[PDB]
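Data first, discussion second: the structure below is written as structure tokens.
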Amino acid sequence: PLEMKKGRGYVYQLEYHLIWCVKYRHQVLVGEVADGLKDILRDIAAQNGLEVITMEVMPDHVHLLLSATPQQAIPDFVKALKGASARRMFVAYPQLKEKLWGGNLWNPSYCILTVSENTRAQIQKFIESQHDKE
Amino acid sequence: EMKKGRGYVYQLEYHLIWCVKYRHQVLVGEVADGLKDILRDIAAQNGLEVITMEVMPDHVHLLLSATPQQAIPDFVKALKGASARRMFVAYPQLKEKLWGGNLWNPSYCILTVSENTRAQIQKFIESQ
DNA sequence: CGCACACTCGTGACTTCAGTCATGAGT
DNA sequence: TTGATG
DNA sequence: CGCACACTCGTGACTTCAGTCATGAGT
DNA sequence: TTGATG
Ligand SMILES: [Mg+2]
Ligand SMILES: [Mg+2]
């Protein structure tokens, strides 16, 4: 019940739910802009060794569920996703500049949670149920 | 309940497991207890929180919480490397069967952990 | 209201060579 | 140009 | 024997200045 | 000095 992946010095199963918003909370991620964003984020992900498990684009925020290796640090992959998507989106959809002219597509904060198949409470119950704790 | 830092909001939990080198069953009695205390101290000194920790004779389970700035290889190095050094100094008797300079198996097992399941998260992510 | 994850100003790294990440501070 | 997603 | 997360040799980083992490390769 | 934890 776990499907572990293996690398040179480790066995792992790592997933994260990353969410960020549009700067000023403007509702600009619609129609073609949202569609182009999805293609851009997929591309950035593939080039940074991340696997996109789920992606949702709302008018003012984006959700990504990602699978990573132990070597992908969170700040590095968030900078790759948010910084390159902002540059690429303003170049691809110059109309974004009519509501965002200060050089930022994104809110400078990100939200990030680790994700597992079972819950933290089930994992604790499992460890505590073992007989040789000593 | 979500933690906050200068540029991020987060909830990062991991289940980390590693074994004794050669799979020797040496983590018992005073050795096991001394290890738990050493791992808790290393965690507190390196900004990690211990949610749960259990020690079996040949392996350790640790469920810990960290910030986005604490990369996995870095906190695994901090916990395994320093605990080995301290353990051999605190319990010289470990050298009886571990005389090669290693307390631990060089590999580690790590899983991200959430309070809700992936299936529930992934289902709430489409519903909006 | 008064912050702060979000707004603004500031520092440096590094890709996207712009606009994020790191980050302190005032509002 | 802000007011809240996880 | 040959495999590798586990065993061993190798390289470099960096703390714990020893013994992990990074890492490829032969068993 | 190894033989399997998630
Ligand atoms: Mg502040
Ligand atoms: Mg091999």
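Computed over heavy atoms, backbone and side chain alike; hydrogens, waters and symmetry mates excluded. Lettering follows sequence order; numbering is per chain, from 1.
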I'd like a table of donor-acceptor pairs (distance under 3.5 Å, sequence neighbours excluded) in which one partner is a side-chain atom from residues 22-39 of chain A, with atom names and distances.
{"residue": "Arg25(A)", "atom": "NE", "partner": "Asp60(A)", "partner atom": "OD2", "Å": "3.2"}
{"residue": "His26(A)", "atom": "ND1", "partner": "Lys99(A)", "partner atom": "O", "Å": "3.4"}
{"residue": "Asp39(A)", "atom": "OD1", "partner": "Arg42(A)", "partner atom": "NH1", "Å": "3.1"}

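- Residue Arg85(B) has a polar side-chain atom (N or O) positioned under 4.0 Å from OP1 or OP2 of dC17(E).
- To the nearest whole angstrom, the two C1' atoms, one in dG2(E) and one in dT11(E), are 24 Å apart.
- Between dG10(C) and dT16(C), the distance separating the two P atoms is 25 Å to the nearest Å.
- Distance check: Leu63(B) CG to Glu13(B) CD gives 6.5 Å after rounding to the nearest 0.5 Å.
- Neighbouring nucleotides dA13(E) and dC14(E) stack on each other, with six-membered ring centres less than 5.5 Å apart and ring planes inclined by less than 30°.
- Along DNA chain E, the nucleotide closest to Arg86(B) and the one closest to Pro70(A) are compared, and the more 5′ of them pairs with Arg86(B).
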- [ ] For DNA chain E, produce a single dot-bracket line, 5' to 3'. Pairs: Watson-Crick or G-U wobble, both distances under 3.5 Å. Symbols: ( ) within strand, [ ] crossing, | other strand, . unpaired.
- [x] ..||||(((..(((....)))..))).
Using the 3.5 Å cut-off, write out each protein N or O paired with an N or O of nucleotides 3-5 of chain D and the distance between them.
{"residue": "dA4(D)", "atom": "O4'", "partner": "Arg25(A)", "partner atom": "NE", "Å": "3.4"}
{"residue": "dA4(D)", "atom": "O4'", "partner": "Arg25(A)", "partner atom": "NH1", "Å": "3.3"}
{"residue": "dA4(D)", "atom": "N3", "partner": "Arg25(A)", "partner atom": "NH1", "Å": "2.9"}
{"residue": "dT5(D)", "atom": "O4'", "partner": "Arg25(A)", "partner atom": "NH2", "Å": "2.8"}
{"residue": "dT5(D)", "atom": "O3'", "partner": "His61(A)", "partner atom": "NE2", "Å": "3.4"}
{"residue": "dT5(D)", "atom": "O2", "partner": "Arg25(A)", "partner atom": "NH1", "Å": "3.0"}

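- Of the candidate nucleotides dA18(E), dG6(F), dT20(E), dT20(E) has the atom lying nearest to any side-chain atom of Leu103(B).
- In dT8(E), the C1'-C2'-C3'-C4' torsion is positive, which places the sugar in the north family.
- By the rule that a glycosidic angle within 90° of 0 means syn, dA22(E) does not qualify and counts as anti.
- The CG atom of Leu16(B) sits 17 Å away from the P atom of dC5(E) (whole-angstrom rounding).
- Nucleotides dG6(F) and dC3(E) have their P atoms positioned 27 Å apart, rounded to a whole Å.
- Distance NZ (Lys21(B)) to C1' (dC7(E)): 6 Å, rounded to an integer number of Å.
- In this structure, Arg120(A) pairs ionically with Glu115(B), as a charged nitrogen and a carboxylate oxygen lie closer than 4.0 Å.
- With values rounded to the nearest 0.5 angstrom, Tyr16(A) atom OH is found 9.5 Å from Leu66(A) atom CG.
- The side chain of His17(A) has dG6(D) as its nearest neighbour among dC7(E), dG6(D), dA18(E).
- Taking atom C1' in both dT20(C) and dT15(C), the straight-line distance is 9 Å, to the nearest Å.
- Remark: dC17(E) and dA18(E) are not stacked on each other (six-membered ring centres under 5.5 Å, interplanar angle under 30° not both met).
- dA25(E) and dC17(E) are spaced 28 Å apart, taking the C1' atom of each and rounding to whole Å.
- Partners of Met4(A) under the side chain to side chain contact (heavy atoms under 4.5 Å, CB included) rule, at least two apart in sequence or in another chain, are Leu2(A), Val11(A), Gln13(A), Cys109(B), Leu111(B).
- Within a 6.0 Å sphere centred on CD of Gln95(A), other residues, nucleotides and ligands contribute more than 12 heavy atoms.
- Regarding nucleotide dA22(E), the torsion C1'-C2'-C3'-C4' is greater than zero, so its sugar is described as north.
- Separation of the P atoms belonging to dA13(C) and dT8(C) is 24 Å when rounded to the nearest angstrom.
- Note that OH of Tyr93(A) is 11.5 Å distant from CG of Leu105(A), once rounded to the nearest 0.5 Å.
- Here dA13(C) has a south sugar; its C1'-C2'-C3'-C4' angle has a minus sign.
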Atom pairs and distances, donor-acceptor, side-chain atoms in residues 69-82 of chain B, under 3.5 Å, two or more places apart:
{"residue": "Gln69(B)", "atom": "OE1", "partner": "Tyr8(B)", "partner atom": "OH", "Å": "3.3"}
{"residue": "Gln70(B)", "atom": "OE1", "partner": "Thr67(B)", "partner atom": "N", "Å": "2.8"}
{"residue": "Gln70(B)", "atom": "OE1", "partner": "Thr67(B)", "partner atom": "OG1", "Å": "3.4"}
{"residue": "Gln70(B)", "atom": "NE2", "partner": "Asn46(B)", "partner atom": "O", "Å": "2.8"}
{"residue": "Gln70(B)", "atom": "NE2", "partner": "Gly47(B)", "partner atom": "O", "Å": "3.4"}
{"residue": "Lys80(B)", "atom": "NZ", "partner": "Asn105(B)", "partner atom": "O", "Å": "2.8"}
{"residue": "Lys80(B)", "atom": "NZ", "partner": "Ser107(B)", "partner atom": "O", "Å": "2.8"}

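- Nearest nucleotide to the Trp101(A) side chain, out of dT16(E), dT1(D), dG19(C): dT1(D).
- Closest-nucleotide positions on DNA chain F for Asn102(B) and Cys109(B) were compared, and the one nearer the 5' end corresponds to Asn102(B).
- Both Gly7(A) and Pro73(B) lie close to DNA chain E; mapped to their nearest nucleotides by heavy-atom distance, the more 5′-ward contact belongs to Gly7(A).
- If you check every strand for non-hydrogen atoms under 4.0 Å, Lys4(B) touches a base.
- Put simply, CG on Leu98(B) is 17 Å from P on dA6(E), counting in whole angstrom units.
- The phosphate of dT23(E) has OP1 or OP2 within less than 4.0 Å of a side-chain N or O from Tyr10(A).
- Using a 4.0 Å heavy-atom distance criterion, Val9(B) is classed as a base contact.
- In this structure, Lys77(B) places its NZ atom 13 Å from P of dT23(E), rounding to the nearest Å.
- Distance noted for atom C1' between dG24(E) and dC1(E): 22 Å (whole Å).
- The CD1-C1' distance, from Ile72(B) to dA22(E), rounds to 14 Å in whole Å.
- Looking only at atom types and distance, the side chain of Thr52(B) has a donor-acceptor partner in the side chain of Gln124(A) under 3.5 Å away.
- Judged as a side chain to side chain contact (heavy atoms under 4.5 Å, CB included), and not counting sequence neighbours, the contacts of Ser114(B) are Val115(A), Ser116(A), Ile121(B).
- Remark: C1' of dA6(E) and CZ of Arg8(A) are 10 Å apart, rounded to the nearest angstrom.
- Electrostatic pairing of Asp41(B) and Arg86(B) does not count as a salt bridge here, judged by no charged N lying under 4.0 Å from a carboxylate O.
- In the set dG19(C), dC5(C), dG6(F), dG6(F) carries the atom at the smallest distance from any side-chain atom of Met4(A).
- Atom OH in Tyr108(B) sits roughly 8 Å away from atom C1' in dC21(E) (whole-Å rounding).
- For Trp104(B) and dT15(E), the CH2 to P distance is 21 Å, given to the nearest whole Å.
- Distance check, rounded to the nearest 0.5 Å: CG of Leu62(B) to CG of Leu16(B) gives 5.5 Å.
- Nucleotide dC7(C) carries a north-puckered sugar, as indicated by a positive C1'-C2'-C3'-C4' torsion.
- Among the heavy atoms of the strands lying under 4.0 Å from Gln69(B) are primed sugar atoms or P, OP1, OP2 only; no base atom is included.
- When the P atom is compared between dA22(E) and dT27(E), the two are found 25 Å apart, to the nearest whole Å.
- For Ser107(B), whose side chain is taken as the heavy atoms from C-beta onward, the closest listed nucleotide among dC17(E), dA6(E), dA6(C) is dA6(E).
- For the residue pair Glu56(A) / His61(A), no side-chain donor-acceptor distance below 3.5 Å is found, with atom types taken as modelled.
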